[PDB]
Each structure stands twice: as C-alpha cells, then as structure tokens.
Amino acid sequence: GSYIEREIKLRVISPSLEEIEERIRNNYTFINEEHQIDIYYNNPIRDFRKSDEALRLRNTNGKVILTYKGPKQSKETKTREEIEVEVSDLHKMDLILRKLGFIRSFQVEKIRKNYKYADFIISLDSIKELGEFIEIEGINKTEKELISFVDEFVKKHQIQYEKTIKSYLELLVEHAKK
C-alpha cells in the first residue's frame, strides 16, 4: 500500500505567480484551489531529521490527511515513498499522536492552485513566510519524463526559477534563522 511521489519544486524568481497563472490559463485546465495547513511531527528517539522521514497531519480545505514520507530516493527530483490516509478528526488524530509520544515540530501553511496538463499536475504555491513556488508532479511518469516536461514548462512560460529538492519544512527552517 505504498506509492512513490516524484515531483520537482521550483522557487519562482519571476514573474509573479499571478502573472504565471495568466500565462498558463489558456492551455492548462484548472483543477482546484487548496488552503493547506500542515503540522509536522518528530519522534523523540528516532530523529526524523537524521532518517529523512516525515509525519504530517494536513488540513486541506477541511479534509484531514495523515501522511508518512520516507527518505529521498533521488538527487535530481524530490522522490519519496508516501503513505496517506484520510482521518475523521484532526484534533483527535493530533491528540493520539501526542499521546503516543510524538511532538509537534513545525507548521507550514499555503494556498495552492492546481492545474492539469496531460498527466502532469502543476501546483502554484503561495507559502506563508517563504514566498512563491511551483511544484510539478508526474502521474505514472519516469524521472526523465518529469525533468523534460519541467524544462519545457519553464521555457514556454518564460519563468525564472531555482530548482530544489529541499522540502518546505526544511526551507522554512533555513528561512527562520536568517
């Protein structure tokens, strides 16, 4: 019951996400907008920052999702095992995790606008306190195919960018101490 999430994450340098949305509006199909508030957790005895694991409880437009992510499997894209379940109650799931000994680590909040283009999901991310990013995830795609599509995507829409395989959680920590 596991799945490999493969995506590329771009920090947007120019233009604004609003202007990018205008550029893709006509050829990409809008899916939905998600307001996502994420709580991350650590295990006191198994520093997830050493094993490169993550446990997250997400509220996305009121839907509550518990996610495990495993260590990164690539240096060219952000590739990780991901296991997710929907749960009925966020407060109670958080209570269970804390009763089991997990400790709340950090919180990430964003507005995400999802677009679809031929088995690719393009997410325009406005991250509280971090700024503007784009993620592209592949549906039954090889790493090569994803990398090639992203190169075509940024070129077609004249986006200036920096790629990274750091998570938003990791980028948030870097940003705080600066």
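Counting begins at 1, following the sequence as shown. What we label the rigid core is the largest C-alpha set whose atoms superpose within 1.5 Å from one form to the other.
Between 81-89 and 104-112, the larger root mean square Cα shift in 5 other deposited structures of this protein, once each structure is superposed on the rigid core, falls on 81-89. In 5 other deposited structures of this protein, superposed by the rigid core, the C-alpha atoms of 48-56 lie farther from the shown form than the other of 48-56 and 132-140. Of the two segments examined, 143-151 and 106-114, it is 143-151 that shows the higher average Cα temperature factor in the deposited entry. Once the C-alpha B-factors are averaged per stretch, 36-44 and 62-70 rank with 36-44 first.
Residue-level temperature factors show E53 in the middle third of its chain, judged at the C-alpha atom. In the PDB entry, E137 places in the middle third of its chain by CA B-factor. Ranked by Cα temperature factor within the chain, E86 sits in the lowest third according to the deposited record. Placement of the Cα temperature factor of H157 within the chain: middle third of the modelled residues, per the deposited record. Annotation for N26: CA B-factor lies in the highest third of the chain's modelled residues.
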